[PDB]
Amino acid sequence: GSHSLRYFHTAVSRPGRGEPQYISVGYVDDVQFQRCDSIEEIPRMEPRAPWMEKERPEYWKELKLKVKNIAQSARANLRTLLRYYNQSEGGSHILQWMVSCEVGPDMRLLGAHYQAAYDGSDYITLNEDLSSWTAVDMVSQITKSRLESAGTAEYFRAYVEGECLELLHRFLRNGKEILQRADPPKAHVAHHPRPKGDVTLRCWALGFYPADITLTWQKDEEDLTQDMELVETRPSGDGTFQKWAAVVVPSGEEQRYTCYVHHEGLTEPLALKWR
């Protein structure tokens, strides 16, 4: 029943022609609401969910300024990282970071995150106390020392308890019909004979929101963890997700197998068999 505002930020040194030096996407839960980027120093912003049409013009003007400022600061951060890691000039490197706040059903704050990565690996993380940091190496330990000597987490908490809460509250109100919901999965088993003579049973789940789901196959009394093929949960493109899991089974044994579906929109696990 909790809800989160999350931003996924990426900064690239030496992107390709036409490719962003800085891009960030913002989500509430599993619904994207905007894109921001900067290409050759030009900032651009696009809405992605319907409630964003209710934002006023100063939201987008303040956001444009924030994009310019963050893009310059991230570029400068990339240059310092290059030097502290004694890396060569001329290559392209990647700095990513995630910013989030989370509230419960009474709209009370539960937590928040700030975490950064260099070239695809953890670099520094804010701990759940929202006051201290965890580093991975001696360069990120310099960062930790600077942030703690400066008290920088204070300004992050000011962002969490100010603008993060402000926007999460307003987006949940204006986007209530999209965001305060759980669509349950529509489930079924499909059956595909194989040329060898055995059968693929493929348990499908479609139309569900949010994305988190579990699909499991089980036999009369045998464990199938190592036997089933599971696909990564995937967007259908209209706001809902889909997934499947399959096992290959001998012909004539199909009713021995049951597929179980677990999802927030269900009160108990769905249990499906073929046919």
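Position 1 is the first residue in the sequence shown; the rest follow in order. Between two forms, the rigid core is the largest collection of C-alphas that superpose within 1.5 Å.
Trainee: Following superposition on the rigid core, is the mean squared CA displacement, expressed as RMS, greater for 220-228 or for 47-55 in 4 other deposited structures of this protein?
Mentor: Once the cores are fitted, 220-228 deviates more in 4 other deposited structures of this protein.
Trainee: For the higher mean C-alpha B factor in the entry, choose 193-201 or 107-115.
Mentor: Comparing 193-201 with 107-115, the higher average CA B-factor belongs to 193-201.
Trainee: Decide which of the stretches 243-251 and 219-227 has the higher mean C-alpha B-factor, going by the entry.
Mentor: Comparing 219-227 with 243-251, the higher average CA B-factor belongs to 219-227.
Trainee: Between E232, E53, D37, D29, which carries the biggest CA temperature factor in the record?
Mentor: So the option with the highest C-alpha B-factor is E53.
Trainee: From the list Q72, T134, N174, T152, select the residue with the highest C-alpha B factor recorded in the entry.
Mentor: Of the options given, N174 has the highest CA B-factor in the PDB entry.
Trainee: Would the CA B-factor of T10 place it in the lowest, middle or highest third of its chain?
Mentor: Its C-alpha B-factor belongs to the lowest third of this chain's values.
Trainee: Thinking about Cα B factors across the chain, which third does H188 belong to?
Mentor: Its C-alpha B-factor, which the entry lists for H188, ranks in the highest third among residues of this chain.
Trainee: Which third, lowest, middle or highest, does the C-alpha temperature factor of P210 belong to within its own chain?
Mentor: Answer is lowest: the recorded C-alpha B-factor places it there.
Trainee: When the deposited Cα B-factors of this chain's modelled residues are ordered and cut into thirds, is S100 in the lowest, the middle or the highest one?
Mentor: For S100, whose C-alpha B-factor we compare with every modelled residue in the chain, the answer is the lowest third.
Trainee: Pull the Cα B-factor of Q87 out of the PDB entry and bin it into the chain's lowest, middle or highest third.
Mentor: Its C-alpha B-factor, which the entry lists for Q87, ranks in the highest third among residues of this chain.
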